[PDB]
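S.K.: This one's a deposited entry, sequence included:
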Amino acid sequence: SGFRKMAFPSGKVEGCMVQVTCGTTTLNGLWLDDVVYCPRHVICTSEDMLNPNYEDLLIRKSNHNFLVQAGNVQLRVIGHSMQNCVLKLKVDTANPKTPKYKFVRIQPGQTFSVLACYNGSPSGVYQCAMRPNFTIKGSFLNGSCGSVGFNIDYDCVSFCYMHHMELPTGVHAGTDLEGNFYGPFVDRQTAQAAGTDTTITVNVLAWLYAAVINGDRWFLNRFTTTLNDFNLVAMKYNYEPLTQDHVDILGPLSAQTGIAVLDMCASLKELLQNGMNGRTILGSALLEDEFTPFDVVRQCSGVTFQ
Amino acid sequence: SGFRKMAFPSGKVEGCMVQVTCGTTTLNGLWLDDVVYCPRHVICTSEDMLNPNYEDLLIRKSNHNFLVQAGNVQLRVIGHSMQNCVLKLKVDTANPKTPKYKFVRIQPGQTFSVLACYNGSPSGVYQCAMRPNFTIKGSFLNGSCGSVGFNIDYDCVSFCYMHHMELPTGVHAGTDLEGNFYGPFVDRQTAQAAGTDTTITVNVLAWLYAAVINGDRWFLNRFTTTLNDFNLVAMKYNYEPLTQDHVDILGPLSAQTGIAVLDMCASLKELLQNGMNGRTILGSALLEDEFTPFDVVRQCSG
Ligand SMILES: O=C(NCCC(F)(F)F)[C@@H]1CN(c2ccc(Cl)c(Cl)c2)CCN1C(=O)c1cc(=O)[nH]c2ccccc12
Ligand SMILES: O=C(NCCC(F)(F)F)[C@@H]1CN(c2ccc(Cl)c(Cl)c2)CCN1C(=O)c1cc(=O)[nH]c2ccccc12
């Protein structure tokens, strides 16, 4: 029993974290085989942050302008290139701890684990979701750029995020490992701000199913609703529309609990209109939307507490 | 910026997790140097659980009754012994991945990272607090026993918890790595249940400071209170009393924010008496008590 924000074990990623220094700027890099990946803004200087020309900045660099350190070991940079917003430093040594890995771009509403790192050294691991507005509500301080987000399936690490910057609201923005930003953000100094965000409806429903599996049933009701009438309520409360595919994805949780999806929707409708009246669900007094259906099935028992 | 329930990187502990099988019972063990540590109830059978005599059960075992499995490599057990509620299986191979480590027992109100494991294979990592009633609100399924809790200081892993059982309310109980249970719980079948719990006051205050550091200020006010007047309110809402040592511990956070500890106590008193009026603090609609002052400083340096 129990339900926690649970990250993947981080050891496979810890063995890939290195420190990349260019000029007086130091941040984290990801060392996989003989390539080190890091944010390209490591080559920026305080003078040129307003509107940097990265092709110009890079052509003016040599291999010896990049210092890479893995633990106490210095890695010799033998090549450098840019792929969109990531720098790729070829080094003369393949990482012996390289796991099986993939570069995967995730969808808004999907979750991943973040390994927060500083000076090439991991400090903590936590679970994040990609917001509908393509920000993440991370926990990052100065020196954290180059930290990565990932999922692990079987023994394979699917890297999905590299951290680049913090927006004025305190949320965070970054790229996939191909250097393509999540959302309408750029690696320069502007009045960049997160767009309007919405609540991830399918995830809230998944979390209500987790609660039923864990014995919280107070919010259930006899009522039901149509998909269209629920979506009318969702729009009013800044929830994402629920699709038939989402209803299908919730199938296994529906089957394990014996609660039809549209019955759980009726329950969510009442929670939005009435609140919780001082009660809690899975130790929260608000509707949590950063657990996917997959996270719920992964963590919860296969049998319901009847 | 930002504030998350953050666990320690788990790699150093993942390299220590093994699978222990005795009879038909399989659970997790912790492999450090040439010793494997696991819950002694691995030697129990379904019949002998109302009043197991672990001395009797263990004298009836030999080394070959224990199968230890490190990934795909079977470790040969060359000795077996019991230390309180943990079993110690001496194996013919020292773990080459043994980190620097200590066995430390934690206090109620302190936090640690849990590496949830199944069949010797880690599955997830999350942060936990030891409740005042010596339970932990973990997330554990069948096969999770022998999962460990730990903190990391520099390079050294301080193991503080090994998972033994789940209580009827869905909370969890276990031992330190010397095999001594946290709280009044036993590794046998009884009606045992979690005792009355309280809210960890010093941690709530630490989390309010984390909120202020991250820009949540709506709960602040110009009012103050005395330590004794606050503790009168704490007792009314089932909060632990606040000590001067607690006030001292909160000093750095008070200094960083410029908010006196007793001023934050006044804010907490109002939050306890009035609620949040539909507002939130660091993304929560309730007062969180599973972050220590250390956790807040480690994560809120800026
Ligand atoms: O300020 C930095 N440190 C030296 C970089 C310099 F100044 F030398 F350039 C970096 C680099 N940085 C950046 C740089 C260039 C460009 Cl073009 C762009 Cl888009 C971004 C973003 C901020 N950074 C963080 O580490 C950071 C990440 C975070 O999530 N939260 C924070 C909260 C507070 C303070 C810092 C951070
Ligand atoms: O029930 C079990 N499974 C093997 C049964 C056999 F073979 F041991 F009999 C174990 C062993 N087990 C125990 C055993 C002996 C003794 Cl003396 C004592 Cl005090 C306890 C406790 C429950 N267990 C868990 O793994 C477990 C931990 C958890 O946190 N949540 C759960 C939620 C649901 C289901 C299981 C779990």
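M.R.: Arrived safely. Residues are numbered from 1 along each chain as shown, chains lettered A, B, ... in the order given. Ligands and ions are numbered 1, 2, ... in the order given.

S.K.: Show me what residue of the stretch 1-150 of chain A gets nearest to chain B.
M.R.: residue A:11 (3.0 Å; C-beta to the nearest C-beta). For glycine as for every other residue, the C-beta is placed from the backbone atoms N, C-alpha and C.

S.K.: Who's the closest spatial neighbour of that residue, skipping the chain neighbours?
M.R.: residue B:11 (3.0 Å; C-beta to C-beta, 6 or more residues apart in numbering or on different chains).

S.K.: My read is that residue A:45 contacts residue A:23, right?
M.R.: Yes. If you go by C-beta atoms under 8 Å, residue A:45 and residue A:23 touch, sitting 6.7 Å apart.

S.K.: joint contacts of these two?
M.R.: Here residue A:45 and residue A:23 have no joint contacts, going by C-beta atoms under 8 Å, 6 or more residues apart in numbering or on different chains.

S.K.: Name the surrounding residues that touch stretch A:77-92.
M.R.: Here stretch A:77-92 has contacts from A:20, A:29, A:31, A:34-43, A:54-55, A:58, A:61, A:63-64, A:66-68, A:75-76, A:162, A:164, A:175, A:177-181, A:187, using C-beta under 8 Å, 6+ apart.

S.K.: Can you report how many residues lie near the residue nearest to residue A:11?
M.R.: 24 (other C-beta atoms under 10 Å in any protein chain shown).

S.K.: Alpha carbons only: can I get the longest strand along chain A in PDB?
M.R.: When chain A is parsed with DSSP state E, its longest strand is strand A:156-166. Output in PDB follows, covering the C-alpha atoms of strand A:156-166 (Å, rounded to 0.1, in the frame of the first residue of the first chain):
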ATOM      1  CA  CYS A 156      17.200   1.000 -21.100                       C
ATOM      2  CA  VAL A 157      17.400   4.600 -20.200                       C
ATOM      3  CA  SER A 158      15.200   6.800 -22.400                       C
ATOM      4  CA  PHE A 159      16.600  10.300 -22.000                       C
ATOM      5  CA  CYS A 160      13.900  12.900 -22.600                       C
ATOM      6  CA  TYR A 161      15.100  16.200 -21.100                       C
ATOM      7  CA  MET A 162      18.200  18.400 -20.700                       C
ATOM      8  CA  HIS A 163      17.800  21.400 -18.400                       C
ATOM      9  CA  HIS A 164      18.600  24.900 -19.900                       C
ATOM     10  CA  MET A 165      17.000  27.700 -17.900                       C
ATOM     11  CA  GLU A 166      14.500  29.000 -15.300                       C
END
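
S.K.: Any figure for the gap between residue A:9 and ligand 2?
M.R.: Distance, residue A:9 to ligand 2, by C-beta to the nearest ligand atom, to the nearest Å: 18 Å.

S.K.: Using the three-state scheme, assign that residue.
M.R.: coil (DSSP: H, G, I helix; E, B strand; the rest coil).

S.K.: Confirm residue A:228 sits in a helix?
M.R.: Yes. When three-state DSSP is applied, residue A:228 is found to be in a helix.

S.K.: what comes into contact with the helix or strand harbouring residue A:117?
M.R.: Using DSSP states H and E, residue A:117 sits in strand A:111-118. For strand A:111-118, the external contacting residues (C-beta under 8 Å, 6+ apart) are A:7-8, A:10, A:13-14, A:17, A:28, A:106, A:122-130, A:136, A:138-141, A:143-144, A:146-152, A:160-161, A:163, A:290-292, A:295, B:6, B:9.

S.K.: roughly how far apart are residue A:186 and ligand 1?
M.R.: For residue A:186 relative to ligand 1 (C-beta to the nearest ligand atom), the value is 7 Å.

S.K.: Quick check: that residue touching residue A:175?
M.R.: No. Judged on C-beta under 8 Å, residue A:186 makes no contact with residue A:175 at a distance of 10.6 Å.

S.K.: just the helices in the stretch 151-300 of chain A please.
M.R.: All helices of the stretch 151-300 of chain A, identified by DSSP state H, counting those that start in this stretch, fall at A:201-213, A:227-236, A:244-249, A:251-257, A:261-274, A:293-299.

S.K.: now the angle from the fifth one to helix A:227-236?
M.R.: Going back to what we said before, that points to helix A:261-274. Interaxial angle, helix A:261-274 versus helix A:227-236 (axes from the mean of the first three to the mean of the last three C-alpha atoms, to 10 degrees): 30 degrees.

S.K.: what residues are up against the residue of the stretch 1-150 of chain A found nearest ligand 2?
M.R.: Closest residue of the stretch 1-150 of chain A to ligand 2, C-beta to the nearest ligand atom: residue A:1 (5.8 Å). Residue A:1 makes contacts with A:214-215, A:301, A:305, B:139-140, B:166, B:170, as judged by C-beta under 8 Å, 6+ apart.

S.K.: what does chain A put close to ligand 1?
M.R.: Listed as neighbours of ligand 1 in chain A under the rule C-beta under 6 Å from any ligand atom: A:25, A:41, A:44, A:46, A:49, A:52, A:140-145, A:164-166, A:172, A:187-188.

S.K.: please redo it, this time with the cut-off set to 5 Å
M.R.: Proximity of chain A to ligand 1 is confined to A:25, A:41, A:44, A:49, A:140, A:142, A:144-145, A:165-166, A:187-188 under the rule C-beta under 5 Å from any ligand atom.

S.K.: mind listing the strands for chain A?
M.R.: A:17-22, A:25-32, A:35-39, A:66-70, A:73-75, A:77-83, A:86-91, A:100-103, A:111-118, A:121-129, A:148-153, A:156-166, A:172-175.

S.K.: and the fifth one, what other elements does it pack with?
M.R.: Under the contact definition 3 or more C-beta pairs under 8 Å, 6 or more residues apart in numbering or on different chains; DSSP states H and E, strand A:73-75 sits against strand A:66-70.

S.K.: other SSEs contacting the strand it packs on?
M.R.: Against strand A:66-70 (3+ C-beta pairs under 8 Å, 6+ apart) you get strand A:17-22, strand A:25-32, strand A:73-75, strand A:77-83, strand A:86-91.

S.K.: Show residues contacting that strand.
M.R.: A:18-22, A:29, A:31, A:36, A:74-75, A:77, A:80, A:89, A:91, A:95, A:120.

S.K.: Please repeat the previous calculation with a cut-off of 6 Å.
M.R.: Here strand A:66-70 makes contact (C-beta atoms under 6 Å, 6 or more residues apart in numbering or on different chains) with A:18-22, A:36, A:75, A:77, A:89.

S.K.: Kindly report the same for stretch A:158-165.
M.R.: A:39, A:102-104, A:106, A:112, A:144-145, A:147-151, A:173-175, A:177, A:187.

S.K.: Could you rerun that using 7 Å?
M.R.: With C-beta atoms under 7 Å, 6 or more residues apart in numbering or on different chains as the test, stretch A:158-165 has contacts from A:37, A:39, A:41, A:85-86, A:101-106, A:112, A:140, A:144-151, A:172-177, A:187.

S.K.: Stretch A:181-199 too?
M.R.: A:39-41, A:49-52, A:85, A:130-135, A:164-165, A:167-169, A:171, A:173-175, A:238-240, A:289.

S.K.: Just the CA atoms of that stretch, as CSV, please.
M.R.: C-alpha atoms of stretch A:181-199 as CSV (Å, rounded to 0.1, in the frame of the first residue of the first chain):
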residue,chain,number,x,y,z
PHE,A,181,13.3,23.0,-27.0
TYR,A,182,10.2,21.9,-25.3
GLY,A,183,7.8,24.8,-26.0
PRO,A,184,8.2,28.3,-27.4
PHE,A,185,11.5,29.0,-25.6
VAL,A,186,14.9,30.1,-26.8
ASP,A,187,18.4,30.0,-25.3
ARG,A,188,18.9,33.8,-25.0
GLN,A,189,17.9,36.7,-22.8
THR,A,190,14.3,37.9,-23.5
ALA,A,191,11.1,38.5,-21.5
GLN,A,192,10.3,34.9,-22.1
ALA,A,193,7.4,33.6,-19.9
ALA,A,194,5.4,30.4,-19.5
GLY,A,195,2.1,30.4,-21.4
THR,A,196,-1.2,29.7,-19.7
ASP,A,197,-1.2,26.2,-18.3
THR,A,198,-4.0,23.6,-17.8
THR,A,199,-4.6,20.6,-15.6
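
S.K.: Before I go, just wanted to say thanks for your time.
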